[PDB]
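Chemist: Any chance you could fold what I've pasted below:
(chains A and B)
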Amino acid sequence: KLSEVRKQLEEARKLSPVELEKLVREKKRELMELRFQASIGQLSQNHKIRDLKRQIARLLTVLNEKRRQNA
RNA sequence: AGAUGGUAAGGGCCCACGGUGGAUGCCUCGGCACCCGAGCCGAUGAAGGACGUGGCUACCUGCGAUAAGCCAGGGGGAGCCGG
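Modeler: Residues are numbered from 1 along each chain as shown, chains lettered A, B, ... in the order given. Sure, structure below:
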């Protein structure tokens, strides 16, 4: 998954500021559905939940990076 | 008529044998002095907190709605996802 964390980075860092904001919004919705039903009982699966947080993070990080409009 | 021993409800002293009780000896993640270096934090919001945060978490610690955590660079070399 490491080179896929790098898939996130190298293929979502390099994909527009505006579309990035929209990206992480979608991501938010995703995790919402996750934690949501994962609680409701059956199909309660772990892992991915935390991962999504991790995912979220990098996006926003790099978001602010190029959203600090500096390089 | 004379004789002079005698059992123990319970007790004392004594020994072995237990229970409580923590001594002492030894142990040291902590403590003690001194010696050397080091020595400012804050409006960039400090020292210090409240609440929260983990799939399941009561406390401790860790972080901060990007919550037991993200990015880049360096270390290092088989293990890791806190106690």
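Chemist: What is the longest helix of chain A by residue count?
Modeler: helix A:18-39 (DSSP state H).
Chemist: so does that one get close to RNA strand B?
Modeler: Yes: interface with RNA strand B: helix A:18-39 contributes A:28, A:35, A:38-39 (Cβ under 7 Å from any atom of the strand). In this view, the C-beta of every residue, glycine as well, is placed from N, C-alpha and C.
Chemist: Could you rank those by neighbour count and give me the top one?
Modeler: Within the residues of helix A:18-39 next to RNA strand B, most neighbours by other Cβ atoms under 10 Å means residue A:38, with 15 neighbours.
Chemist: Correct me if wrong: that residue contacts residue A:45.
Modeler: Yes: Residue A:38 lies in contact with residue A:45 (Cβ atoms under 8 Å); the separation is 6.1 Å.
Chemist: Could you list every helix and strand that the longest helix of chain A packs against?
Modeler: helix A:48-67 (3 or more Cβ pairs under 8 Å, 6 or more residues apart in numbering; DSSP states H and E).
Chemist: Counting neighbours, which bits of the helix it packs on end up buried?
Modeler: For helix A:48-67, a neighbour-count test (16 or more other Cβ atoms under 10 Å) marks A:52, A:55, A:58-60, A:62-63 as buried.
Chemist: Thanks a lot, see you next time.
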